[PDB]
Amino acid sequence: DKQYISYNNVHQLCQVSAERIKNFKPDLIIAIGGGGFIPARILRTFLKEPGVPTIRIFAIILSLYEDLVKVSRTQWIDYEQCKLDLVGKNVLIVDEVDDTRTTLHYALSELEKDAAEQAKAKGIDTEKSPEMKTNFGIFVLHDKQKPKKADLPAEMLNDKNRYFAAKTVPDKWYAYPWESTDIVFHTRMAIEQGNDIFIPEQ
């Protein structure tokens, strides 16, 4: 039962989620794919504080292939060039949907390798110096209620201030507005399905 989601719905999902995510105090955002970036950018509008430098967003692409799951960093982050130091940072990973969780699992896994390798380059010892550890969190618009094919750490999933889903939803296909080649039809369906705005004008 295909669920059509309007732009304004996504906007308001980000709006309400931002209030929760403030408790995580993200220092930067890493967005998975084009679908991750749009919510990430909208989120930033709601995280912005006047006089405070806007939170940086980094786009990454992960490709996963059948093993004999193999992971390829199709588009990654040049931490040195960007002067991005993950040590002692709160990092929010953003994607539009958590379906089987495979993508989020391997993205987190890869980013943890980056952080560990940086904390070692600095002659930092994350065991002796725990406060230099990187704190990862996740934000998705939709977390599907279904058997997952991959896990996420318990301290992530079971911490309401680390794993953030705007909505936990049935196992249905979600059609995002940026994916549509007929936004008029798409928005008409979204309104009919109750997938448009849910917060009134201020």
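Throughout, we count residues from 1 along the sequence that is shown.
S.K.: How many residues sit between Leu68 and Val69 in the deposited sequence but have no coordinates: none, 1 to 3, 4 to 9, or 10 or more?
M.R.: Per the deposited record, the segment joining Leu68 and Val69 lacks coordinates for 10 or more residues.
S.K.: So which stretch wins on mean C-alpha B-factor, 147-155 or 27-35?
M.R.: On average, C-alpha B-factors are higher across 147-155.
S.K.: Which is higher on mean Cα B factor in this entry, 175-183 or 188-196?
M.R.: According to the PDB entry, the answer is 188-196.
S.K.: Whose C-alpha has the highest temperature factor in the PDB entry: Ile138, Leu141, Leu64, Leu43?
M.R.: Checking the PDB record, the top C-alpha B-factor among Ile138, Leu141, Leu64, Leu43 is at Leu64.
S.K.: Of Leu111, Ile93, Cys82, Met132, which one's C-alpha B factor is largest in the deposited record?
M.R.: Of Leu111, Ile93, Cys82, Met132, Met132 has the highest C-alpha B-factor.
S.K.: Looking at the temperature factor on the CA atom of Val52, which third of the chain's modelled residues does it land in?
M.R.: Highest third, going by the recorded CA B-factors of the chain.
S.K.: With respect to C-alpha B-factor, does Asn8 fall in the lowest, middle or highest third of the chain as deposited?
M.R.: Lowest third, going by the recorded CA B-factors of the chain.
S.K.: Going by what the PDB entry lists, where does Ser72 fall on CA B-factor within its chain: lowest, middle or highest third?
M.R.: It belongs to the highest third of the chain when residues are ordered by C-alpha B-factor.
S.K.: Would you please rank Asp78 by its C-alpha temperature factor against the other modelled residues of its chain and give the third it falls in: lowest, middle or highest?
M.R.: For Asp78, the deposited C-alpha B-factor lands in the middle third.
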